[PDB]
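Shown next: final.cif, given as mmCIF, N, CA and C atoms.
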data_data
loop_
_atom_site.label_atom_id
_atom_site.label_comp_id
_atom_site.auth_asym_id
_atom_site.auth_seq_id
_atom_site.Cartn_x
_atom_site.Cartn_y
_atom_site.Cartn_z
N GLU A 53 -26.59 -32.96 -43.95
CA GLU A 53 -26.65 -31.67 -43.27
C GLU A 53 -25.30 -30.96 -43.33
N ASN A 54 -24.23 -31.74 -43.32
CA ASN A 54 -22.88 -31.18 -43.37
C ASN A 54 -21.92 -32.14 -44.08
N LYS A 55 -22.00 -33.42 -43.73
CA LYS A 55 -21.14 -34.43 -44.34
C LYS A 55 -21.32 -34.46 -45.85
N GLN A 56 -22.54 -34.17 -46.30
CA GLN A 56 -22.84 -34.17 -47.73
C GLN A 56 -22.41 -32.85 -48.36
N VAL A 57 -22.52 -31.77 -47.59
CA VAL A 57 -22.14 -30.45 -48.07
C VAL A 57 -20.62 -30.32 -48.15
N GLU A 58 -19.93 -30.99 -47.24
CA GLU A 58 -18.47 -30.95 -47.21
C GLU A 58 -17.88 -31.57 -48.47
N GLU A 59 -18.54 -32.61 -48.98
CA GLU A 59 -18.08 -33.28 -50.19
C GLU A 59 -18.23 -32.37 -51.41
N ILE A 60 -19.24 -31.50 -51.37
CA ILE A 60 -19.49 -30.57 -52.47
C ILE A 60 -18.33 -29.60 -52.64
N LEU A 61 -17.70 -29.24 -51.53
CA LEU A 61 -16.57 -28.31 -51.56
C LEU A 61 -15.47 -28.83 -52.48
N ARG A 62 -15.26 -30.15 -52.46
CA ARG A 62 -14.24 -30.77 -53.29
C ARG A 62 -14.64 -30.71 -54.76
N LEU A 63 -15.94 -30.79 -55.01
CA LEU A 63 -16.46 -30.74 -56.38
C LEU A 63 -16.30 -29.34 -56.96
N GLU A 64 -16.44 -28.33 -56.11
CA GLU A 64 -16.31 -26.95 -56.55
C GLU A 64 -14.93 -26.69 -57.13
N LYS A 65 -13.91 -27.31 -56.54
CA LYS A 65 -12.54 -27.16 -57.00
C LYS A 65 -12.37 -27.77 -58.39
N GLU A 66 -12.99 -28.92 -58.60
CA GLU A 66 -12.92 -29.61 -59.89
C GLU A 66 -13.56 -28.77 -60.98
N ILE A 67 -14.77 -28.29 -60.72
CA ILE A 67 -15.50 -27.48 -61.69
C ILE A 67 -14.81 -26.13 -61.88
N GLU A 68 -14.22 -25.61 -60.81
CA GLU A 68 -13.53 -24.33 -60.85
C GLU A 68 -12.20 -24.46 -61.60
N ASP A 69 -11.48 -25.54 -61.31
CA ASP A 69 -10.20 -25.79 -61.96
C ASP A 69 -10.39 -26.08 -63.45
N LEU A 70 -11.44 -26.83 -63.76
CA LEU A 70 -11.74 -27.18 -65.15
C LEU A 70 -12.03 -25.92 -65.96
N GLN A 71 -12.62 -24.93 -65.31
CA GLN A 71 -12.95 -23.67 -65.98
C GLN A 71 -11.69 -22.87 -66.30
N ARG A 72 -10.69 -22.99 -65.44
CA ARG A 72 -9.43 -22.28 -65.64
C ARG A 72 -8.76 -22.70 -66.95
N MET A 73 -8.84 -23.99 -67.26
CA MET A 73 -8.24 -24.52 -68.48
C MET A 73 -9.06 -24.12 -69.70
N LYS A 74 -10.37 -24.01 -69.52
CA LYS A 74 -11.27 -23.64 -70.60
C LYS A 74 -11.15 -22.15 -70.94
N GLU A 75 -11.04 -21.32 -69.90
CA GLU A 75 -10.92 -19.88 -70.10
C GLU A 75 -9.57 -19.52 -70.69
N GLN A 76 -8.53 -20.23 -70.26
CA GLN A 76 -7.18 -19.99 -70.76
C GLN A 76 -7.05 -20.45 -72.21
N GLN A 77 -7.79 -21.49 -72.56
CA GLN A 77 -7.76 -22.03 -73.92
C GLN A 77 -8.36 -21.05 -74.92
N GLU A 78 -9.51 -20.48 -74.58
CA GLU A 78 -10.18 -19.53 -75.47
C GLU A 78 -9.38 -18.23 -75.56
N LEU A 79 -8.78 -17.83 -74.45
CA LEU A 79 -7.98 -16.61 -74.41
C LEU A 79 -6.63 -16.81 -75.09
N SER A 80 -6.28 -18.07 -75.35
CA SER A 80 -5.01 -18.39 -75.98
C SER A 80 -5.10 -18.29 -77.50
N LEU A 81 -6.18 -18.82 -78.07
CA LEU A 81 -6.37 -18.78 -79.52
C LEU A 81 -6.69 -17.37 -79.99
N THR A 82 -7.72 -16.76 -79.40
CA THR A 82 -8.12 -15.41 -79.76
C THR A 82 -9.19 -14.89 -78.81
N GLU A 83 -8.87 -13.80 -78.11
CA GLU A 83 -9.82 -13.20 -77.18
C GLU A 83 -11.08 -12.77 -77.92
N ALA A 84 -10.91 -12.38 -79.18
CA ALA A 84 -12.03 -11.96 -80.01
C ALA A 84 -12.96 -13.12 -80.31
N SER A 85 -12.39 -14.33 -80.34
CA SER A 85 -13.17 -15.53 -80.62
C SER A 85 -14.40 -15.60 -79.72
N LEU A 86 -14.32 -14.94 -78.57
CA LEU A 86 -15.44 -14.92 -77.63
C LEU A 86 -16.66 -14.26 -78.26
N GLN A 87 -16.42 -13.34 -79.19
CA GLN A 87 -17.50 -12.65 -79.87
C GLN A 87 -18.40 -13.64 -80.60
N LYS A 88 -17.81 -14.37 -81.54
CA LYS A 88 -18.55 -15.37 -82.31
C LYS A 88 -19.05 -16.48 -81.39
N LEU A 89 -18.31 -16.71 -80.31
CA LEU A 89 -18.67 -17.74 -79.34
C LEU A 89 -19.95 -17.37 -78.61
N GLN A 90 -20.13 -16.08 -78.34
CA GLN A 90 -21.31 -15.60 -77.65
C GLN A 90 -22.58 -15.93 -78.43
N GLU A 91 -22.51 -15.74 -79.75
CA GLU A 91 -23.65 -16.02 -80.61
C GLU A 91 -24.00 -17.50 -80.60
N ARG A 92 -22.97 -18.35 -80.61
CA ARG A 92 -23.17 -19.79 -80.59
C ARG A 92 -23.93 -20.23 -79.34
N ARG A 93 -23.61 -19.59 -78.21
CA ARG A 93 -24.26 -19.91 -76.95
C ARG A 93 -25.70 -19.41 -76.94
N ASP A 94 -25.91 -18.21 -77.47
CA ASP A 94 -27.24 -17.62 -77.52
C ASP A 94 -28.16 -18.43 -78.44
N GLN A 95 -27.57 -19.21 -79.33
CA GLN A 95 -28.34 -20.03 -80.26
C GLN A 95 -28.87 -21.30 -79.59
N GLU A 96 -28.56 -21.48 -78.31
CA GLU A 96 -29.01 -22.65 -77.57
C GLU A 96 -30.31 -22.37 -76.81
N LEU A 97 -31.12 -21.46 -77.35
CA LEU A 97 -32.38 -21.10 -76.73
C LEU A 97 -33.47 -22.12 -77.07
N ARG A 98 -33.33 -22.75 -78.24
CA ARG A 98 -34.30 -23.74 -78.68
C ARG A 98 -33.83 -25.16 -78.36
N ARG A 99 -33.12 -25.30 -77.25
CA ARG A 99 -32.60 -26.60 -76.83
C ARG A 99 -32.84 -26.82 -75.34
N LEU A 100 -32.40 -27.97 -74.84
CA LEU A 100 -32.56 -28.31 -73.43
C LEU A 100 -34.04 -28.43 -73.07
N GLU A 101 -34.40 -29.56 -72.48
CA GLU A 101 -35.78 -29.81 -72.08
C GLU A 101 -36.71 -29.81 -73.30
N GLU A 102 -36.41 -30.68 -74.25
CA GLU A 102 -37.21 -30.79 -75.47
C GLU A 102 -36.97 -32.12 -76.17
N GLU A 103 -37.98 -32.98 -76.17
CA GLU A 103 -37.87 -34.29 -76.80
C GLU A 103 -38.65 -34.32 -78.12
N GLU B 1 -10.47 -20.27 -87.48
CA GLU B 1 -10.32 -20.28 -86.00
C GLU B 1 -11.65 -20.58 -85.31
N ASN B 2 -12.35 -21.59 -85.82
CA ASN B 2 -13.63 -21.99 -85.25
C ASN B 2 -13.51 -23.30 -84.49
N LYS B 3 -12.65 -24.19 -84.98
CA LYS B 3 -12.44 -25.49 -84.35
C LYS B 3 -11.92 -25.32 -82.93
N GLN B 4 -11.21 -24.22 -82.68
CA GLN B 4 -10.66 -23.95 -81.36
C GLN B 4 -11.75 -23.43 -80.44
N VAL B 5 -12.63 -22.60 -80.99
CA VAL B 5 -13.73 -22.04 -80.22
C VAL B 5 -14.78 -23.11 -79.97
N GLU B 6 -14.93 -24.02 -80.93
CA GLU B 6 -15.90 -25.10 -80.82
C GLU B 6 -15.50 -26.05 -79.69
N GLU B 7 -14.23 -26.47 -79.70
CA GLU B 7 -13.73 -27.37 -78.67
C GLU B 7 -13.79 -26.69 -77.30
N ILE B 8 -13.52 -25.39 -77.29
CA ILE B 8 -13.56 -24.61 -76.05
C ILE B 8 -14.98 -24.56 -75.51
N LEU B 9 -15.95 -24.47 -76.42
CA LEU B 9 -17.35 -24.42 -76.04
C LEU B 9 -17.75 -25.73 -75.36
N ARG B 10 -17.28 -26.84 -75.90
CA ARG B 10 -17.57 -28.15 -75.33
C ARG B 10 -17.02 -28.22 -73.92
N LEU B 11 -15.83 -27.65 -73.74
CA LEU B 11 -15.19 -27.61 -72.44
C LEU B 11 -16.00 -26.74 -71.49
N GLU B 12 -16.53 -25.64 -72.02
CA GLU B 12 -17.34 -24.72 -71.23
C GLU B 12 -18.61 -25.41 -70.75
N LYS B 13 -19.17 -26.26 -71.60
CA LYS B 13 -20.39 -26.99 -71.27
C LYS B 13 -20.16 -27.93 -70.09
N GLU B 14 -19.10 -28.74 -70.18
CA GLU B 14 -18.78 -29.69 -69.13
C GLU B 14 -18.54 -28.97 -67.80
N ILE B 15 -17.93 -27.79 -67.87
CA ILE B 15 -17.67 -27.00 -66.67
C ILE B 15 -18.96 -26.41 -66.13
N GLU B 16 -19.68 -25.71 -67.00
CA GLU B 16 -20.95 -25.10 -66.63
C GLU B 16 -21.92 -26.15 -66.11
N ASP B 17 -21.85 -27.35 -66.69
CA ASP B 17 -22.72 -28.44 -66.29
C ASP B 17 -22.33 -28.94 -64.90
N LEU B 18 -21.03 -28.96 -64.63
CA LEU B 18 -20.52 -29.41 -63.34
C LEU B 18 -21.02 -28.49 -62.22
N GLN B 19 -21.08 -27.20 -62.51
CA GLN B 19 -21.54 -26.22 -61.53
C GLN B 19 -23.04 -26.33 -61.32
N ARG B 20 -23.77 -26.60 -62.40
CA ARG B 20 -25.22 -26.74 -62.33
C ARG B 20 -25.61 -27.97 -61.52
N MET B 21 -24.88 -29.06 -61.72
CA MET B 21 -25.15 -30.30 -61.00
C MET B 21 -24.77 -30.16 -59.53
N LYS B 22 -23.69 -29.43 -59.27
CA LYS B 22 -23.22 -29.22 -57.90
C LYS B 22 -24.18 -28.30 -57.15
N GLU B 23 -24.61 -27.23 -57.80
CA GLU B 23 -25.53 -26.28 -57.19
C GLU B 23 -26.85 -26.96 -56.84
N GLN B 24 -27.30 -27.84 -57.72
CA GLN B 24 -28.55 -28.57 -57.50
C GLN B 24 -28.41 -29.55 -56.35
N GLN B 25 -27.26 -30.23 -56.29
CA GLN B 25 -27.00 -31.20 -55.24
C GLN B 25 -26.93 -30.52 -53.88
N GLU B 26 -26.26 -29.37 -53.83
CA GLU B 26 -26.12 -28.61 -52.60
C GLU B 26 -27.47 -28.07 -52.14
N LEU B 27 -28.21 -27.47 -53.07
CA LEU B 27 -29.52 -26.92 -52.76
C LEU B 27 -30.49 -28.02 -52.35
N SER B 28 -30.31 -29.21 -52.93
CA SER B 28 -31.16 -30.35 -52.63
C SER B 28 -31.08 -30.69 -51.14
N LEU B 29 -29.87 -30.63 -50.60
CA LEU B 29 -29.65 -30.92 -49.19
C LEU B 29 -30.37 -29.90 -48.31
N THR B 30 -30.01 -28.63 -48.50
CA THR B 30 -30.61 -27.54 -47.74
C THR B 30 -29.94 -26.22 -48.09
N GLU B 31 -30.73 -25.24 -48.53
CA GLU B 31 -30.20 -23.94 -48.89
C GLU B 31 -29.40 -23.35 -47.74
N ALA B 32 -29.72 -23.78 -46.52
CA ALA B 32 -29.02 -23.30 -45.33
C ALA B 32 -27.58 -23.78 -45.32
N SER B 33 -27.33 -24.93 -45.94
CA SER B 33 -25.98 -25.50 -45.99
C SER B 33 -24.99 -24.45 -46.48
N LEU B 34 -25.48 -23.47 -47.23
CA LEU B 34 -24.64 -22.40 -47.74
C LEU B 34 -23.95 -21.67 -46.59
N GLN B 35 -24.59 -21.65 -45.43
CA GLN B 35 -24.03 -21.00 -44.26
C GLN B 35 -22.76 -21.72 -43.80
N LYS B 36 -22.86 -23.03 -43.65
CA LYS B 36 -21.72 -23.84 -43.23
C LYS B 36 -20.63 -23.81 -44.29
N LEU B 37 -21.05 -23.86 -45.55
CA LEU B 37 -20.12 -23.83 -46.67
C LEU B 37 -19.30 -22.54 -46.66
N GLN B 38 -19.96 -21.43 -46.36
CA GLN B 38 -19.30 -20.14 -46.31
C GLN B 38 -18.39 -20.04 -45.08
N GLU B 39 -18.91 -20.48 -43.94
CA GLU B 39 -18.15 -20.45 -42.70
C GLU B 39 -16.89 -21.30 -42.81
N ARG B 40 -17.05 -22.50 -43.36
CA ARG B 40 -15.92 -23.41 -43.52
C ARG B 40 -14.86 -22.81 -44.44
N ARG B 41 -15.31 -22.22 -45.54
CA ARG B 41 -14.40 -21.60 -46.50
C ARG B 41 -13.73 -20.37 -45.90
N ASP B 42 -14.52 -19.56 -45.20
CA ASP B 42 -14.01 -18.34 -44.57
C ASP B 42 -12.99 -18.69 -43.49
N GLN B 43 -13.25 -19.77 -42.76
CA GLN B 43 -12.36 -20.21 -41.70
C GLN B 43 -10.99 -20.60 -42.25
N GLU B 44 -10.99 -21.13 -43.47
CA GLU B 44 -9.75 -21.55 -44.12
C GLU B 44 -8.98 -20.35 -44.65
N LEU B 45 -9.68 -19.25 -44.89
CA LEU B 45 -9.06 -18.03 -45.40
C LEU B 45 -8.77 -17.06 -44.27
N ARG B 46 -7.88 -17.45 -43.37
CA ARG B 46 -7.51 -16.61 -42.23
C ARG B 46 -6.00 -16.44 -42.14
N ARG B 47 -5.55 -15.19 -42.02
CA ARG B 47 -4.13 -14.89 -41.92
C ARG B 47 -3.60 -15.21 -40.53
N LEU B 48 -2.48 -15.92 -40.47
CA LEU B 48 -1.87 -16.29 -39.20
C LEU B 48 -0.66 -15.41 -38.91
N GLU B 49 -0.35 -15.25 -37.62
CA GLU B 49 0.79 -14.43 -37.21
C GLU B 49 1.43 -14.99 -35.95
N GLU B 50 0.62 -15.19 -34.92
CA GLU B 50 1.10 -15.73 -33.65
C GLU B 50 -0.05 -16.28 -32.81
N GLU B 51 -1.15 -15.54 -32.75
CA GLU B 51 -2.31 -15.95 -31.98
C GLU B 51 -3.60 -15.50 -32.66
#
Structure rendered as structure tokens:
Amino acid sequence: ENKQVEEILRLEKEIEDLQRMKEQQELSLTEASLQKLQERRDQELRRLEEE
Amino acid sequence: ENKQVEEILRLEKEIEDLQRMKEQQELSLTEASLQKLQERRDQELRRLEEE
């Protein structure tokens, strides 16, 4: 009810902090790289939940 | 400049996955928990001066 939710707050920092390193990495090599990166992500429509 | 975007994508997955797993875990407990989560976070974001 709360003790379990309180633990989640700590997880948010991990996932949030991990994103900071990922966003900085892509913005470090080439901001434009996000363009080609967008297509790669959109190509994941025929994946997930499929055996 | 693809190996950099590729590795970055993998990093994005682990991060995005962390948020998906956390959101599911939190929602699993009770969507209402969001109230306490917000209150707790908001309580921590308070400017102090004297009283």
Query raised in the report: So what do you get for atom CA of residue 101 of chain A versus atom CA of residue 15 of chain B, distance-wise?
Result: 19.1 Å
How would you write, as a PDB file with N, CA and C atoms, keeping the file's coordinate frame, the residues chosen by the PyMOL selection byres ((chain A) within 6 of (chain B)) on this structure?
ATOM      1  N   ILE A  67     -14.770 -28.290 -60.720  1.00  0.00           N
ATOM      2  CA  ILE A  67     -15.500 -27.480 -61.690  1.00  0.00           C
ATOM      3  C   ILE A  67     -14.810 -26.130 -61.880  1.00  0.00           C
ATOM      4  N   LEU A  70     -11.440 -26.830 -63.760  1.00  0.00           N
ATOM      5  CA  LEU A  70     -11.740 -27.180 -65.150  1.00  0.00           C
ATOM      6  C   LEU A  70     -12.030 -25.920 -65.960  1.00  0.00           C
ATOM      7  N   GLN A  71     -12.620 -24.930 -65.310  1.00  0.00           N
ATOM      8  CA  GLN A  71     -12.950 -23.670 -65.980  1.00  0.00           C
ATOM      9  C   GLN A  71     -11.690 -22.870 -66.300  1.00  0.00           C
ATOM     10  N   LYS A  74     -10.370 -24.010 -69.520  1.00  0.00           N
ATOM     11  CA  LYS A  74     -11.270 -23.640 -70.600  1.00  0.00           C
ATOM     12  C   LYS A  74     -11.150 -22.150 -70.940  1.00  0.00           C
ATOM     13  N   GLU A  78      -9.510 -20.480 -74.580  1.00  0.00           N
ATOM     14  CA  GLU A  78     -10.180 -19.530 -75.470  1.00  0.00           C
ATOM     15  C   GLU A  78      -9.380 -18.230 -75.560  1.00  0.00           C
TER      16      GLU A  78
END
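Overlaying chain A onto chain B with least squares across the full set of in-order Cα pairs produces an RMSD of 5.0 Å.
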Query raised in the report: DSSP says helix (DSSP H, G or I) for which residues of chain B? Put them as an NGL selection string?
Result: :B and (3-29 or 33-44)
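Atom to atom, atom N of residue 24 of chain B and atom N of residue 102 of chain A stand 19.1 Å apart.
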Taking all atoms of segment 72-87 of chain A that the file lists, what box with edges along x, y and z, padded by 6 Å per side, do you get, with centre and edge lengths in Å to one decimal, as JSON?
{"center_x": -11.7, "center_y": -18.2, "center_z": -73.0, "size_x": 25.4, "size_y": 24.6, "size_z": 27.2}
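Between atom CA of residue 97 of chain A and atom CA of residue 28 of chain B lies a distance of 25.8 Å.
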